[PDB]
Amino acid sequence: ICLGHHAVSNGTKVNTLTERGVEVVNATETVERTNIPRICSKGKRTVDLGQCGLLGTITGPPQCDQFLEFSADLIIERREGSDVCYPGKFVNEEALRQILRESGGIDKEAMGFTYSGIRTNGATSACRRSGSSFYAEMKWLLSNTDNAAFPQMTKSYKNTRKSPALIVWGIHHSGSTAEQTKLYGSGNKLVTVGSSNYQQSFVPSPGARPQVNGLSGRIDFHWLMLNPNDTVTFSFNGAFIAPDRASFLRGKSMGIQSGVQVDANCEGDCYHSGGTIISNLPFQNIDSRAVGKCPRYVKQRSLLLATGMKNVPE
Amino acid sequence: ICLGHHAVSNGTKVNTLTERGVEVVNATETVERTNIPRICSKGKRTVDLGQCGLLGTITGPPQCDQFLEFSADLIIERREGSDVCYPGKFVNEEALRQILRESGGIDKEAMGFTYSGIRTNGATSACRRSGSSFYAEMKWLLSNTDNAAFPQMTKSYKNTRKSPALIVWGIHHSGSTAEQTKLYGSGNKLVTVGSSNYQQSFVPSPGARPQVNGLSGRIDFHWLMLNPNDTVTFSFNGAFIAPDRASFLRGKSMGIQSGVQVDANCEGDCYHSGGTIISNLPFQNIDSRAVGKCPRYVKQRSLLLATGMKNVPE
Amino acid sequence: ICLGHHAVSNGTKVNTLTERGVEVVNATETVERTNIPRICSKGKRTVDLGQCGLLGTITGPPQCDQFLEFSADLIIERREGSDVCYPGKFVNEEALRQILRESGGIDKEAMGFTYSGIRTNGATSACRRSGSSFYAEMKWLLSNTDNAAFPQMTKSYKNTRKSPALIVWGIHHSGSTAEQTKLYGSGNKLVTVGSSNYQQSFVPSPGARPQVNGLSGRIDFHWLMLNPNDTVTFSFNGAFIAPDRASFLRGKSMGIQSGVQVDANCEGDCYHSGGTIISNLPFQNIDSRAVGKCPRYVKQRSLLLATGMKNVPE
Amino acid sequence: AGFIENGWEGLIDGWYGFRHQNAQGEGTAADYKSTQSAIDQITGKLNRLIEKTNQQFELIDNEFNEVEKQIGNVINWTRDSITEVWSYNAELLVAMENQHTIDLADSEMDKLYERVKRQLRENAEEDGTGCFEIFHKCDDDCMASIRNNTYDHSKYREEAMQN
Amino acid sequence: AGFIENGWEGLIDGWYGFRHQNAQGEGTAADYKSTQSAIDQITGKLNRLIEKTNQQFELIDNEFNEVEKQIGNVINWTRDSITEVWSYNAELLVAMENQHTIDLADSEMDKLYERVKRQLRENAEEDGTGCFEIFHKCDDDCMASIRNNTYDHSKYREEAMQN
Amino acid sequence: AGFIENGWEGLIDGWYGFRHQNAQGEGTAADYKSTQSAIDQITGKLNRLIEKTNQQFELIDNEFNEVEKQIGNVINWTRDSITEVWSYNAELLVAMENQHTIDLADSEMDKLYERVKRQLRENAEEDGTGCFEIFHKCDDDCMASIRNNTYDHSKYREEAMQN
Ligand SMILES: *[C@@H]1O[C@H](CO)[C@@H](O)[C@H](O)[C@H]1NC(C)=O
Ligand SMILES: *[C@@H]1O[C@H](CO)[C@@H](O)[C@H](O)[C@H]1NC(C)=O
Ligand SMILES: *[C@@H]1O[C@H](CO)[C@@H](O)[C@H](O)[C@H]1NC(C)=O
Ligand SMILES: *[C@@H]1O[C@H](CO)[C@@H](O)[C@H](O)[C@H]1NC(C)=O
Ligand SMILES: *[C@@H]1O[C@H](CO)[C@@H](O)[C@H](O)[C@H]1NC(C)=O
Ligand SMILES: *[C@@H]1O[C@H](CO)[C@@H](O)[C@H](O)[C@H]1NC(C)=O
Ligand SMILES: *[C@@H]1O[C@H](CO)[C@@H](O)[C@H](O)[C@H]1NC(C)=O
Ligand SMILES: *[C@@H]1O[C@H](CO)[C@@H](O)[C@H](O)[C@H]1NC(C)=O
Ligand SMILES: *[C@@H]1O[C@H](CO)[C@@H](O)[C@H](O)[C@H]1NC(C)=O
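Chains as they are written, first to last, in the deposited numbering: chain A, 3 to 316; chain A', 3 to 316; chain A'', 3 to 316; chain B, 328 to 490; chain B', 328 to 490; chain B'', 328 to 490. A prime marks a further copy of an entry chain.
As structure tokens, this is what we get:
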């Protein structure tokens, strides 16, 4: 009587500590290469920002009018998104983006700033609604009439809620010193902001910039995170874009950047710009910058694990 | 005759490459979970800063009067510590903290700055000693009498020692432009600092801030590290907090943040905010931010290593 | 008949999972310790910068006159290199260095800036050529004659090429406000720069600095990366060092810092400041900051791998 | 692949099997309790390696608007380092697991061989190529008794010891 | 756990032992030189794994005053990556070491078995369950000689070969 | 190093060899096909470990002009973490590979032993120290036949079974 083992005519070559190309009966893949070209959002509160930029949801350009108090488990940024209507940018923009991606959405609250002695309805044609408008969450403070001066002002906001408040203001840089005088008067302007963690004033800076949306002026957007019961104060004399409403983080979420469609038919926890990685394998060779709960990225496109015995045919 | 192996009625289940829950005769833990709720400082020069903030040891608020030339192998920061008496903050504060944590202590040296044409005894009620005082290592430069101007000044310090010198100065931001004129006169003030690695002037910025300790003014603290034989110069015309003594790093140390008591009865090289990790195990599941010489942090709370054979009872 | 295995009188001790000091017949080293004290550059376009600093290749001090349009696969920085002739420094200097190290060299293009109403031939004795000169790629803009004013100017450059353009300008900080008036007139000067990614003006700051090369003035160098077809504009009224030529990255390269000689006789892909690491071993204990294609650094100086059987002699 | 110079491509019913040849006829039948052991162990390896992590990683880059060049070079440097670590861990893991799998199957085969050998104390002798020589014609009932480990080690002895 | 269908819970004196049963009486005595070998190897594993590092790591975070949000997200990202690496290394290390420990003990048992087998050349025969059948009543002096590896392989032969 | 209490320092021709001693004379000749197997496997280990990476790493530090202190502390923290990971991986890799190498050579020796044993069915008996006792004076032609695996297992049987 003889006893032995099984074999097959065509097996699968694998690699070991000793050799490279050992035929085995059966083998399975450990590195994931199959990608779903969609954002699998089944069972998640998903907010596709589209033409609205993530930071815009705090300031409120016309493309973000419907995202001012969004709520999400998954936030998707798009390439066509824009944070601004009037040309400008944020200082510490990427840190604010990373804050807003895991915020779970935002909840706005009126800061209750009232004014006496200045104008408050600055608008422009770049922020188009019915006619010429402005950032929905901001207010463009100007002088009363034909130029004239801007009185030294001091406004204070106290965070009465138990979570940190996101405060965002703006410094206007006109196309010239003549336009800066026309808006807020002559002389050096100075905007001071302080709290318990914060301590930084700003100075305007008029001058000609390249025309974006046919406009040469720029608006610098700045932000700080007030703590509960902590108070922030602004001491400004012009070139100031005042905050009307403060923001509060709702809870928790995840943020991704993608260019593929949303699919509520598949579920996935690993996302990249090209879609969703749905796999049980421990490794993947699709995108090293994938985020969420992913298999670990490796450079090898294939690593075959032996699931059968050594194959020795006749 | 029969030969065999031992067994026990109750063994310990472990995990292998193949199974999960294999009974073995004996097993030992590899992930440390037992924590000592004290800072084990036996045999180390320990400095518990308490109410003194680490950065304050350079400027010298009243709570840091006894820490101006400390010497330590282990530096402990406390939650109640404060770097300031007059409200203000440091620029590049965390980098300076990380520098001072491994400094081994500080050694002060008079910079020998003499003045003619200005006042030099600025004080405040927030820095309370006998009466109203100021930062022990700094000098609050003001104008002579009832306001008046501040002459354009230039002071130079040359590091004559073989180790880098820590130089710290301050820019005063009063509550208003009127108070800035009252202290140093009208006109734009400008503070310029230069050396071989450095090149940065500062401009003051008066305005109203939230009252901290009943005061609306702020003091910006700045610092550079002079190299041996390298010279630094200050060109200032007001709103300037002059350095009286420079600092030199003593040697080497470690810095931790904790809220538990000091114990000179136990020895440990791995610290976290909740105490000391004393273990020979290669891994720990206590604090991922532990510092010193620690077992590596892992997410698993337990990983049993087999120290006995397979247990097969009757 | 008896069958057995071989043995030797003197074997090599190695370490296993179980023991430390097991004698084996033969063993080989896995941690590389042998270093070549030269920069092995055989087969690579190598540029040894020498006395020219890497950033200087963009601005063009006299020591970088022969590196204005270099082309390289391997860029070597030297300790004696200098980016400047007139004392100054770059803002975001290390990021620009890391950009230029993997640039593959630079290609210059005239930006075509023409001037009317100002002088354009500022020079100094620190930038020595025939006589007193200046940065070859920059132009020192001054006022017409005996002082006088500097008119508000606006110059625009559009990147017409398909790769990002490196734009570098300079802000002059004289030794005093009197010298600043002498060069560009009195009043606050302001230099504004904008594009699609950029938005930052600068303000000068005269004052006394330590004399470097017998000079107390400093020149701040700033840079942005224009995108294709994107336009940048400068709005300046004095204290301005204008760019004459823009830079474009040639391709790809590697940058190292070293103090050893170049050798075109040996080939290597792993470099450190002390030479080249040529090895097939998977690990090295020479320099943890080695760059290129290196064995991974480990703290152990030796790890012997068993290549023979267990040695059991008589 | 020791003394069994090759495997049986016709054994489609299991991993390890018997192939006897007495005077009654032929026979090839898989041994379910060893095949199920090796299959159970490979299944365990797959259960330990097919694994899902509960650690969420967030975005620290930006594909649409590139971050600061220096912090981006630090981020890319760290990501490349971690990628190297995980590529090494993956290659070494696969290679080691494959080695242990092959050696495991071979070990199962050998232990089965020595088990059948210990069932036949002196009534059979090793041939040298993984087969056993019986010195008495064992019928198919005796074959089935050999398979399910019930063959009597002494109620066939004397007859085979004579031969 | 091969042919020894279970272990001896009454063997409190060592890891591996003998349990004989002739006409003189009973006996169970541990074998010190194999137990000490396996114990020595496990001890070596513990000496290699119980290890202290001389690499000091400093604070780059701040629990009392949070650092910049971006650099804090890079720091947290790196720390989480390293934590994943070390959790993987710890799990894989423990699993592999346990596998090698079990296989090591089993190997020691088997090698002891085949050693005792080679001591009894033809005077005994394998039973099939880890026991040896002696064809001549071996007294307790012969038992102690079997234990300390002094039993004569030919001065008991002929008598057992007849039986 | 099991039943072979020591090795042969005079065997300079190979890793595994034979040393016979009949009435014709002496003889020690290496076995090329097992030595070449172990050598091939060690060679494979060296081919897998001697490895070159195609991952280029760039400079994120500056030895001539030190970078910002905070970003430098983050960089140093990350580099130290990765260095710890690679030192651990290197130590564990070397130790595991050495263990498997030693066990591999021992396994090759044992399998060779049992092969020669299966060649000599009943014409020889195990001595207990890695040697085989032949009960008939086997000449040197029979020795060479034993080496190249051609010795007839039954054309010398009866004579040895009588003895
Ligand atoms: C072969 O491996 C694959 C891996 O996916 C598995 O699904 C399949 O059942 C295996 N086949 C056998 C016969 O074990
Ligand atoms: C916040 O302020 C309110 C009102 O002053 C007080 O009742 C509450 O205890 C404070 N809570 C915290 C967390 O500061
Ligand atoms: C069981 O393991 C522990 C591990 O700490 C060890 O201290 C103890 O001596 C072991 N017991 C035996 C009987 O080996
Ligand atoms: C520092 O300066 C002193 C005096 O000028 C000189 O003697 C010494 O050599 C210098 N040392 C260094 C390191 O610059
Ligand atoms: C011993 O190991 C070294 C490793 O470099 C190898 O070159 C040499 O050939 C080996 N010697 C033998 C006899 O295998
Ligand atoms: C750049 O501009 C030119 C001329 O306006 C145009 O022909 C070309 O398509 C543009 N390309 C890109 C990439 O913007
Ligand atoms: C980092 O790598 C990505 C691609 O993985 C690249 O797009 C990006 O430009 C790199 N970062 C820097 C600063 O070059
Ligand atoms: C990093 O994680 C810690 C807890 O481990 C958390 O307190 C901190 O806020 C995190 N950093 C940021 C920037 O959120
Ligand atoms: C980082 O380590 C290097 C040496 O490896 C040292 O020269 C440097 O000063 C360290 N960085 C900081 C910020 O101390």
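The beta-carbon is built from N, C-alpha and C at its ideal position, and this holds for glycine as well.
Which residues in chain A have a C-beta closer than 7 Å to the C-beta of residue i? List them in chain order.
i, result
"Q368/B''", "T20"
"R375/B''", "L19"
"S207/A'", "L192, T194 and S203"
Using only the heavy atoms of ligand 4, determine whether one of them is closer than 7 Å to the beta carbon of residue i.
i, result
"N199/A'", "no"
Under 9 Å Cβ-Cβ, which residues of chain A' neighbour residue i?
i, result
"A471/B'", "Result: empty, since nearest Cβ-Cβ is about 12 Å, beyond 9 Å."
"residue 276/B'", "With chain B' covering only 328 through 490, there is no way to say anything about residue 276/B'."
"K482/B''", "What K482/B'' touches in chain A': nothing, since even the nearest Cβ is about 37 Å away."
Can the beta-carbon of residue i be found closer than 8 Å to that of residue j?
i, j, result
"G6/A''", "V27/A''", "no"
"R47/A''", "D75/A''", "yes"
"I280/A'", "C268/A'", "yes"
"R303/A'", "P284/A'", "no"
"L143/A", "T122/A", "yes"
"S255/A''", "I77/A''", "yes"
Note down, in chain order, every chain B' residue with its Cβ under 8 Å from the Cβ of residue i.
i, result
"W413/B''", "Here the premise fails: no neighbours, minimum Cβ distance about 11 Å."
"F330/B''", "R442 and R445"
What does residue i touch in chain A'' if you count any residue whose Cβ is under 7 Å from its own?
i, result
"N475/B''", "Under the 7 Å cutoff, chain A'' gives no residues; its nearest Cβ is about 14 Å from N475/B''."
So is the beta-carbon of residue i under 7 Å away from any non-hydrogen atom of ligand 5?
i, result
"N28/A''", "yes"
Does the distance between the C-beta of residue i and the nearest non-hydrogen atom of ligand 6 fall short of 7 Å?
i, result
"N231/A''", "yes"
Taking only heavy atoms of ligand 8 into account, decide whether any of them is closer than 7 Å to the Cβ of residue i.
i, result
"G399/B'", "yes"
List the residues of chain A'' whose Cβ lies closer than 9 Å to the Cβ of residue i, in chain order.
i, result
"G371/B'", "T18, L19, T20, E21 and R22"
"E395/B", "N94 and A97"
"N333/B''", "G6, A9, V314, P315 and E316"
Can you name the residues of chain B whose CB is closer than 9 Å to the CB of residue i?
i, result
"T428/B''", "None at all; the shortest Cβ gap to chain B is about 12 Å."
"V401/B'", "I387, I398, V401, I402 and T405"
What first and last residue would you give for the beta strand (DSSP E) that runs through residue i?
i, result
"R22/A''", "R22 to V26"
"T156/A'", "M155 to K160"
Less than 7 Å separating the Cβ of residue i from some heavy atom of ligand 1?
i, result
"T309/A", "yes"
Below 7 Å on C-beta distance, what does residue i contact in chain B'?
i, result
"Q382/B", "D407 and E411"
Chain B'' partners of residue i, CB-CB under 9 Å?
i, result
"residue 268/B'", "Residue 268/B' falls outside the range modelled here, since chain B' spans only 328 to 490, and no answer is possible."
Residues of chain B'' with a CB under 8 Å from the CB of residue i: which are they?
i, result
"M113/A''", "Going along chain B'', no residue has its Cβ under 8 Å from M113/A'', so there is no contact; the nearest lies around 29 Å."
For residue i, go through chain A' and note every residue whose CB falls closer than 8 Å to its CB, in chain order.
i, result
"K379/B'", "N282 and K295"
Just to confirm the assignment, what range does the alpha helix (DSSP H) spanning residue i have?
i, result
"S145/A", "Per DSSP, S145/A belongs to no alpha helix (DSSP H) and is neither H nor E."
"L102/A''", "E95 to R103"
Could you name the residues of the segment 90-101 of chain A whose beta carbon sits closer than 8 Å to any beta carbon of chain A'', in the order they occur along the chain? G90 and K91
In chain order, what residues of the segment 439-470 of chain B'' put their CB closer than 9 Å to some CB of chain A? none
Using a Cβ-Cβ cut-off of less than 9 Å, give me the residues of the segment 243-266 of chain A'' that come near chain B'', in sequence order. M256, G257, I258 and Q259
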